[PDB]
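Asker: Sequence, then structure. It's an experimental one.
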Amino acid sequence: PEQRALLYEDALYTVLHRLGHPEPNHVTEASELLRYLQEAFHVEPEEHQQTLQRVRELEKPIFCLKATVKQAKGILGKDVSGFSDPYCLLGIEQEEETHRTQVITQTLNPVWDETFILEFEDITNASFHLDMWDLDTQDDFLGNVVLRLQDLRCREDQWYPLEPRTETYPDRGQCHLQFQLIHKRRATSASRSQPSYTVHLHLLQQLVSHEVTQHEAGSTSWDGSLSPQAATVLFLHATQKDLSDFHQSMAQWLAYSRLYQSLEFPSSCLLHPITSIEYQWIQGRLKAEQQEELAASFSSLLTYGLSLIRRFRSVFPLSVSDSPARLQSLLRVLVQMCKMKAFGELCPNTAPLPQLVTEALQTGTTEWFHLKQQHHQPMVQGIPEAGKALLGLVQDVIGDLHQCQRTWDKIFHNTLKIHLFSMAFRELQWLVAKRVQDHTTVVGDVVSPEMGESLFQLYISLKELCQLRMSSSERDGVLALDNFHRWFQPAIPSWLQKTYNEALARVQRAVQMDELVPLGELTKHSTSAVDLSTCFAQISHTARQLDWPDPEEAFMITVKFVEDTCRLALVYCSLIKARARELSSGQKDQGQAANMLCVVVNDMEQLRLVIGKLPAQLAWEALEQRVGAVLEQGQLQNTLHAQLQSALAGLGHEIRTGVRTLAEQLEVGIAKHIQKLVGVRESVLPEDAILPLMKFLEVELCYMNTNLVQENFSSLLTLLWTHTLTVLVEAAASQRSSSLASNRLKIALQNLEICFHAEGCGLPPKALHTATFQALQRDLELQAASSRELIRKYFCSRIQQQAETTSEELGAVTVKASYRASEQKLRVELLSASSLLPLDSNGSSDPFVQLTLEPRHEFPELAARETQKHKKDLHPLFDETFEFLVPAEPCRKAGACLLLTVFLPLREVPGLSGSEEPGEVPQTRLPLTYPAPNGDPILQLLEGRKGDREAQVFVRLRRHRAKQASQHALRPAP
Amino acid sequence: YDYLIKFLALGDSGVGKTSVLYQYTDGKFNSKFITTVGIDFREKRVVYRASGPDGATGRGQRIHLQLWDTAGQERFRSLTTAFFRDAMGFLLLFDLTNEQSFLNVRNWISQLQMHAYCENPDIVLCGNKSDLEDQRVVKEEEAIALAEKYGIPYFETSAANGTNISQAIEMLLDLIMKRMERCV
Ligand SMILES: Nc1nc2c(ncn2[C@@H]2O[C@H](COP(=O)(O)OP(=O)(O)NP(=O)(O)O)[C@@H](O)[C@H]2O)c(=O)[nH]1
């Protein structure tokens, strides 16, 4: 207003009367301060010249000196001892200008601290005059202080020395003084129509306003305390009206606070004045006026700052890169303001700082939530619009609580110990619960799929909001967002549909977008398998994302997801079978269809792995620990495990039918190769007939291992092994009477065992045997391959049975046998035969012994030895020694025996069974096992070979001796 | 198997669908049962193709029956509607001992027709506990009236003796077969 002019004039009347040489902190030059004041006041120089003319015409104030003289010490003692009380004569030469302070006894110096003005006219022409005269209780003279006033300024306390007047005493002491200079009652109307203190406050307000508007175009980073020339022009009109620093300090505080409430400057510049009220308040007093103004400005700055920290989401947002610093500075001038005695003057506010700060935080959070709700489009009625509004609102509240957790939490807790996050999260879970609960109430019990998805996003956002609780020291008792999952109970059947309708979507497109080709040459499946892995992982991820804390319903959802996954398994199986059918209607290649069935069954195997991973993916182990309490035994294995096992069995079907198809093809090949192998002539060696079957089996199974997973290949190997064992067993009976193809089949079984074992395309059947394998190999090894081998096997079995025979009724012949390793001669001593039977039906025993080495073809060139004949002897005495010329090589061979036609071991004879040469011939007694009419299965297989005559002679004489021994056989009593 | 059918023995509490599925799966019966918590899951590998090729016994087609014993408590009725999504055939069981199970049959059908798998739900209404004649407060005429009004077949099976449960489930499986031969 008009005061901006009149205050301006007062500035001139206080600045062209500036007298004295410049201070270390004050400057004496009119032109620079005048041009700076014109620049700050935005006043054009013609008005400046007009005001200078109007201030020259005002009469000049009569200048005076505020002579503040203090005590004097250091004066040498030439007076009476003690009672030294000199008096000071203040005067200025260029009552009226002289004064004599009264003297006080029993003092080194009088201490009174009073000041009387001394009117003068000129500063550069006048000298200071002050003399001491120490009266004695002679009045001895002391020194004086004489200095030119040009170096005399305001704020000039110093210790000045008294100049000696006579040279008889060199020292006069040092006296403390305080030099000021003030004006008298001045003539301006600006400072006399209004009180000097309020025009000082207004003038200082003018400088601080123009300083903060001239330091920058705006005001946000003004750093100084004041401009230097502005500080000087402040320093005059602060001490030239008899004014101390006390009213200047309160005026500085009032101007700075009202300026801050007018326009923003950084409040660290408020830190310099506020501590001044901390420093100087107790020693001084104020009247009933301006003390209430001090209290009102305290209350107004407090209210402005509290309205600032109530709205700290707007005035200090985290986008201007110094919001926590500026906020901390605002609280740091809010503390150190309540931290003096001067806050005892606040009648509008007595309740303390942390409680009212929390009150402002509470109101600001509530109002911010309300304005955010109005921001998030509530003006359109409807349920999906309100749903998306709530989703945006809870996302914004998640953001606000996140930025209240990292940044704004510590700066509220370190200074005044206020937990922002706990109270903010309590309030903004209550105000959000009361919105989502009503939204889900007006949802009803019917839920649309898009509406269900909206509630699902709201569910996970609110679950994040409740997750933020556990990082805030367990907010309990104020629970209003706990059990928020209850309100989403009507939305559960939609989600478990939609998730399924998501998952069934993917597996519908996965088979649609895939031609079922092998995924590279390092793994064996297609993209449908990895899509299964991702889709079932998505199902399990949805199940984990839900994480229903209620037990029985969580069990119910887990059963729902298990049936969804099993149903998707069956669905996917039907789609790949249909896709294989669709492709087989496209092409007609045998190899393409074969490898298509292959990649289908590796996809099924991959799905089996995924289904096996489902108890780990859906976490049934963590389920059964909480749903095993109120449920029944076996129910967990029935509802969860049993349908999974049925899904695995339904995978086994068309795993064990896709494998079974290839197994049927390969078993047809193996069986036809075996049937064409037995059809070859018997005059060929058994090493070139195996080649076609062997190369076919090798190349087909050894292409097919690279095309199939090892587990399905192991199943295919086991089925093929079982089938070829069955084929070889049924082909082991359709053989000719000579049975010389039995060695071909033995070579076949050996190579088929060794081709199922070769690594890379054969898996070792050495731990998994079946009774068919050993039965076939033993039965056909006894079938193969010559007549002499069968005779040797019969003799080995017969001597094993004879060693197992201990009955003495059939006859016991006592012989001695010695084999020599140095003379080559076998020595046999036959003594006697005991406990015999008659060799004639009349009752006459005929013990006569043919000591033969048998089998006869094993000893082709030797003359057998014989004993003397005996008639009717139950204990005949032979006691004959006979030598036999036979080397040890045929004797150590299997089946070699010494037969006594009336056996005994020949490879186990003493002297050849691992012992030394017998110096004394041991006993050997064996009971005679007569040939039996009930023969072993070996004889009818000798009788198939009729070309040779020796084997036929053997079997005919064996039958004759068997029927003859049956006549002499004594039937046992029942 | 050759077909896989998902029965839901669904009804009220105290009706005893657990005993019905127990007496269909085997011959064992319990005097007292606890209320079903969550849902159960019975399995049966019959070979019927609807019912046996000699009329009631023989080799038809292998039917793997899942027989879900759903809960009758109201706490597991809302979420159980997710299992109605592919639920071929429903076993409405009520008890002739109490009439509240009878009046809740209409509400049960009204809930089922909005959650049916195919174009129309399959229902066989079984008035269980028909051997205990001391507390029978449900007449045959009213039951056959509700059957003919809603078009659903009806039976008077019981689990304490095991009679007629098998025939009821067999003809319901037959009804599902007529519906599949109707759907294609
Ligand atoms: N005498 C008799 N008792 C029966 C018959 N059927 C069931 N009950 C009895 O009635 C009760 C039925 O138990 P239950 O199957 O759990 O009934 P529910 O609770 O309605 N079914 P859920 O267990 O699924 O909740 C048991 O006491 C059973 O013994 C019946 O035909 N005759």
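Answerer: Received the coordinates, thanks. Numbers count the residues shown, from 1 in each chain, chains lettered A, B, ... in the order given.
Asker: From here on, just use CA atoms for contacts and neighbour counts.
Answerer: Noted.
Asker: so what does the helix ranked longest in chain B touch, helix or strand wise?
Answerer: In chain B, ranked by residue count with DSSP state H as the criterion, the top helix is helix B:165-183. Identification of packing neighbours for helix B:165-183 by 3 or more Cα pairs under 8 Å, 6 or more residues apart in numbering or on different chains; DSSP states H and E yields helix B:17-25.
Asker: In CSV, list the C-alpha atoms belonging to the helix it packs on.
Answerer: Provided in CSV are the C-alpha atoms of helix B:17-25 (Å, rounded to 0.1, in the frame of the first residue of the first chain):
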residue,chain,number,x,y,z
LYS,B,17,-24.7,-90.6,1.3
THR,B,18,-21.5,-92.0,2.8
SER,B,19,-23.3,-95.2,3.8
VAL,B,20,-24.9,-95.5,0.4
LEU,B,21,-21.5,-95.3,-1.4
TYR,B,22,-20.0,-97.6,1.2
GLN,B,23,-22.8,-100.2,0.5
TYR,B,24,-22.4,-99.8,-3.2
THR,B,25,-18.6,-100.1,-3.2
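Asker: And chain A, is it touching that?
Answerer: No: using Cα under 8 Å from any Cα of the partner chain, helix B:17-25 stays clear of chain A, with a minimum separation of 12.2 Å.
Asker: Indicate whether that helix makes contact with the ligand.
Answerer: Yes: judged by Cα under 6 Å from any ligand atom, helix B:17-25 comes into contact with the ligand at B:17, B:18, B:19.
Asker: List the contacts of that helix.
Answerer: Residues outside helix B:17-25 that contact it (Cα atoms under 8 Å, 6 or more residues apart in numbering or on different chains) are B:9-11, B:28-30, B:36, B:42-44, B:67, B:69, B:93, B:158-159, B:162, B:165-166.
Asker: Is the closest residue in space to residue A:599 that isn't next to it in sequence part of a helix or strand, or is it coil?
Answerer: Leaving aside its sequence neighbours, residue A:599 sits nearest to residue A:525 (Cα to Cα, 6 or more residues apart in numbering or on different chains; 5.8 Å). Secondary structure for residue A:525, judged by DSSP: H, G, I helix; E, B strand; the rest coil, is coil.
Asker: contacting residues around residue A:525?
Answerer: Each residue near residue A:525 by Cα under 8 Å, 6+ apart is listed here: A:517, A:518, A:519, A:599, A:600, A:602, A:603, A:606.
Asker: can we see that at 6 Å?
Answerer: A:518, A:519, A:599, A:602, A:603 (Cα atoms under 6 Å, 6 or more residues apart in numbering or on different chains).
Asker: Among the residues you listed, name the ones in helices.
Answerer: Judged by DSSP H, helices contain the following of the contacts of residue A:525: A:599, A:602, A:603.
Asker: From those residues, pick the one nearest the ligand.
Answerer: Nearest to the ligand out of these is residue A:603 (Cα to the nearest ligand atom; 38.1 Å).
Asker: what are the phi and psi angles of residue A:748?
Answerer: Backbone torsions of residue A:748, given as degrees, to the nearest 10, read phi -60, psi -50.
Asker: Spatially nearest residue to it (excluding sequence neighbours)?
Answerer: Closest residue to residue A:748 apart from its sequence neighbours, by Cα to Cα, 6+ apart: residue A:690 at 6.7 Å.
Asker: Can you name the helix or strand that the nearest residue to residue A:313 once chain neighbours are set aside falls in?
Answerer: Nearest residue to residue A:313, sequence neighbours excluded (Cα to Cα, 6+ apart): residue A:368, at 7.9 Å. Assigned by DSSP states H and E, residue A:368 belongs to helix A:353-375.
Asker: What is that helix packed up against?
Answerer: helix A:288-310 (3 or more Cα pairs under 6 Å, 6 or more residues apart in numbering or on different chains; DSSP states H and E).
Asker: So which residues make contact with the helix or strand just after the helix it packs on?
Answerer: Next in sequence after helix A:288-310, counting helices and strands by DSSP H and E, comes helix A:323-334. Among residues not part of helix A:323-334, those counted as contacts by Cα under 6 Å, 6+ apart are residue A:316.
Asker: List the buried residues for helix A:323-334?
Answerer: A:323, A:324, A:326, A:327, A:328, A:329, A:330, A:331, A:332, A:333, A:334 (16 or more other Cα atoms under 10 Å in any protein chain shown).
Asker: the inter-axis angle of that helix versus helix A:353-375?
Answerer: Calculated by axes from the mean of the first three to the mean of the last three Cα atoms, to 10 degrees, helix A:323-334 forms an angle of 140 degrees with helix A:353-375.
Asker: Run the chain-centre distance for helix A:323-334.
Answerer: 37 Å (Cα atoms, centre = their mean, to the nearest Å).
Asker: Could you do stretch A:938-950 as well?
Answerer: Its chain's C-alpha centre and that of stretch A:938-950 lie 80 Å apart, by Cα atoms, centre = their mean.
Asker: So what would you say the end-to-end distance of it is?
Answerer: Its first and final residues considered, stretch A:938-950 spans 16 Å by Cα to Cα, to the nearest Å.
Asker: Other residues contacting it?
Answerer: Residues from elsewhere that reach stretch A:938-950 (Cα under 6 Å, 6+ apart): A:737, A:738, A:787.
Asker: make it 10 Å
Answerer: With contact meaning Cα atoms under 10 Å, 6 or more residues apart in numbering or on different chains, stretch A:938-950 is reached by A:736-740, A:782-784, A:786-791, A:793-794, A:856-857, A:951-952, A:954-956, A:958-959.
Asker: burial of the residue nearest to residue A:313, as a residue count?
Answerer: By the criterion of other Cα atoms under 10 Å in any protein chain shown, residue A:368 has 17 neighbours.
Asker: Same check on residue A:307?
Answerer: Residue A:307 has 16 neighbours, counted by other Cα under 10 Å.
Asker: Residue A:499 too?
Answerer: 18.
Asker: so what's the residue lying closest to it once chain neighbours are set aside up against?
Answerer: Leaving aside its sequence neighbours, residue A:499 sits nearest to residue A:539 (Cα to Cα, 6+ apart; 7.1 Å). Residues near residue A:539 by Cα under 10 Å, 6+ apart: A:496, A:499-500, A:502-503, A:533, A:545, A:561-562, A:564-565, A:614, A:617-618.
Asker: where does residue A:946 land in three-state SS?
Answerer: On the basis of three-state DSSP, residue A:946 is classed as coil.
Asker: ditto for residue A:136
Answerer: Applying three-state DSSP: residue A:136 is coil.
Asker: Please report the separation between the first and final residues of stretch A:774-792.
Answerer: Stretch A:774-792 has an end-to-end distance of 21 Å (Cα to Cα).
Asker: buried stuff in that stretch?
Answerer: For stretch A:774-792, a neighbour-count test (16+ other Cα under 10 Å) marks A:776-777, A:780, A:782-792 as buried.
Asker: from these, which two are the most distant?
Answerer: Spanning the widest gap among the buried residues of stretch A:774-792 are A:776 and A:788, at 21.3 Å by Cα to Cα.
Asker: What parts of chain B come near the ligand?
Answerer: Contact residues, chain B versus the ligand (Cα under 6 Å from any ligand atom): B:12-19, B:30-36, B:69-72, B:128-129, B:132, B:158-160.
Asker: hmm, which of those are the buried ones?
Answerer: B:12-19, B:36, B:69-72, B:128-129, B:158-160.
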